[PDB]
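Colleague:
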Amino acid sequence: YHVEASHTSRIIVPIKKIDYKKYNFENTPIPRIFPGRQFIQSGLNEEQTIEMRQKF
Amino acid sequence: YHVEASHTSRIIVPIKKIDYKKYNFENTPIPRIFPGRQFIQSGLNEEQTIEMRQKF
Amino acid sequence: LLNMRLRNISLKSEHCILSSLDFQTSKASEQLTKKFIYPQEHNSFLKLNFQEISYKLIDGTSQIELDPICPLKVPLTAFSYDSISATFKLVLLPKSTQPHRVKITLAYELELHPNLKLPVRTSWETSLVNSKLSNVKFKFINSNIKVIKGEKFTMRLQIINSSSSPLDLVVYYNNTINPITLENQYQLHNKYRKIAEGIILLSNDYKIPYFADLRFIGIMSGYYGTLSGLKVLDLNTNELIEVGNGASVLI
């Protein structure tokens, strides 16, 4: 490809899907870089936690 | 070559000289597109006329 | 009067308005004449309609029709020859003189002199979209009906405005589903799911500065008349300007 000084060029990358019966996407969510910490209440609804896990 | 959106690129064109004993560069100077006209005095020195003929 | 007739002129915005007067010798004199002929043992008449042409103006010129006119002579038929007429630039309605002649070769080969030539007024009886905010108008230099396969194609758009603020418009194609009776409930969705899935704009958010060559490729095939995803917008006083023009067959 070539991009000169402002000219955008939308790359069209083909991939496949993922299979929901092959990966579990409800596993421990947003894993911390370091184990431990305060362990405070999440303060969010369980359903919200589901969509935050999927969107990560 | 390639010039993107502002990037100058100095082309280096090689030529030869000209031979002063082959062309006469003191011929009728600054020839008019159409013949005739008023025919007013040049109002310039003969030496100036020489360098104007060469620089054209 | 035997051959009942009507004048149909159809108006199109490709600078054309065609004329095809329809003729049909209807039942009103037929119920009497084809029982006199049934008493004279005839039920297949033949009035030899062979001579007919139109007139345009005071220069009464036979305009060349798009269809042909051979020797047409049979029983109970009806004909409507189509003629190309140039569309006027305004309401200058050219009154016309419809001329025709049928030599009524009756039973026992009896010719009768008749014609249908009279005059009337030939009134029809009735690319660009303008802005909403500025003097800007949008047209497509390339022709709005075009052929392509599923591959790449070049598309070119006119922007002509007033040069008081001649700048700062943006495009975007907005490839997402408009989220919207049950068959209409799955008809509006299947309209929107082929608007937002068919073509993709390979240079969206194109800053304009007149001329710009907008850059699409289409995925799935059909008739994308008024391809309506793409939206330019004025960055001051944001109004959703739409260009609902153009088409693309992909076969």
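Chains as they are written, first to last, in the UniProt record's numbering: chain W, 1066 to 1121; chain R, 1066 to 1121; chain P, 212 to 337, 401 to 454, 482 to 510, 518 to 559.
We put the CB at the ideal spot given by N, CA and C, even for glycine.
In terms of residues, what are the limits of the alpha helix (DSSP H) holding P/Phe414?
Modeller: No alpha helix (DSSP H) contains P/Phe414, which is instead part of the beta strand (DSSP E) from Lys411 to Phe414.
Colleague: Counting Cβ pairs, one atom from each stretch, are 3 or more of them under 8 Å apart for the segment 1102–1121 of chain R and the segment 254–261 of chain P?
Modeller: no
Colleague: For the segment 1067–1078 of chain W, which residues have a beta carbon sitting closer than 9 Å to at least one beta carbon of chain P?
Modeller: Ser1071, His1072, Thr1073, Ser1074, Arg1075 and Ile1077
Colleague: Are the C-beta of P/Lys420 and some C-beta of chain W separated by less than 9 Å?
Modeller: no
Colleague: Output the distance between the C-alpha atoms of P/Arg312 and P/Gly530, rounded to the nearest integer angstrom.
Modeller: 48 Å
Colleague: Quick one: give me the first and last residue of the beta strand (DSSP E) that P/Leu489 is part of.
Modeller: Per DSSP, P/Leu489 belongs to no beta strand (DSSP E); it is in the alpha helix (DSSP H), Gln486 to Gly499.
Colleague: Go ahead and label P/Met528 buried or exposed: buried means 16 or more other beta carbons lie within 10 angstroms of its beta carbon, across all protein chains shown.
Modeller: exposed
Colleague: Distance, Cα to Cα, P/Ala555 vs P/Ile264?
Modeller: 38 Å
Colleague: Which whole-angstrom value is the C-beta distance of P/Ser436 and P/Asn409, which I expect to be below 8 Å?
Modeller: 4 Å
Colleague: Does chain W have any CB closer than 9 Å to the CB of P/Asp521?
Modeller: no
Colleague: Hey, out of P/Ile228, P/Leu277, P/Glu225 and P/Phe290, whose CA is closest to P/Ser237's CA?
Modeller: Ranking P/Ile228, P/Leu277, P/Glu225 and P/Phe290 by Cα distance to P/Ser237 puts P/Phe290 first.
Colleague: Which class does W/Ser1107 belong to by DSSP, given the choice of helix, strand or coil?
Modeller: coil
Colleague: Please confirm if the segment 489–502 of chain P is in contact with the segment 529–549 of chain P, defined as three or more CB-CB distances below 8 Å between the two stretches.
Modeller: At 8 Å Cβ cutoff, the stretches touch.
Colleague: Helix or strand or just coil, what does DSSP make of P/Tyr319?
Modeller: P/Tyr319 falls in the helix class under three-state DSSP.
Colleague: Taking 9 Å as the CB-CB cut-off, is P/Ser504 touching chain W?
Modeller: yes
Colleague: Check whether chain W comes within 9 Å of P/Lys508, counting only Cβ atoms and requiring the distance to be less than that.
Modeller: Answer yes: the Cβ-Cβ gap between P/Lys508 and chain W drops below 9 Å somewhere.
Colleague: Measuring only between beta-carbons, confirm whether P/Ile501 sits less than 9 Å from chain W.
Modeller: yes
Colleague: Can the beta-carbon of P/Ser231 be found closer than 9 Å to that of P/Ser273?
Modeller: no
Colleague: What are the boundary residues of the alpha helix (DSSP H) that includes P/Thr428?
Modeller: Element bounds for P/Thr428: not the alpha helix (DSSP H) but the beta strand (DSSP E), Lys426 to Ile434.
Colleague: Considering only residues of the same chain and omitting the five flanking positions on each side of P/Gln432, which have a CB-CB separation below 8 Å?
Modeller: The residues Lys411, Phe412, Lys413, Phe414, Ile415, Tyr518 and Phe519, in chain order, have a CB closer than 8 Å to that of P/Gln432 in the same chain once the five nearest residues on each side in sequence are set aside.
Colleague: Can you grab the Cα-Cα spacing for the pair R/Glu1091 / R/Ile1115, in whole Å?
Modeller: 7 Å
Colleague: Pull up the CB-CB distance for P/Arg218 and P/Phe234, whole angstroms please, since I reckon it's below 8 Å.
Modeller: The distance from the Cβ of P/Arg218 to that of P/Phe234 is about 10 Å, inconsistent with a contact at the 8 Å cut-off.
Colleague: Report the CB separation of W/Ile1080 from W/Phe1121 in whole angstroms; it is logged as a contact under 8 Å.
Modeller: Contact flag wrong, Cβ pair sits at about 18 Å.
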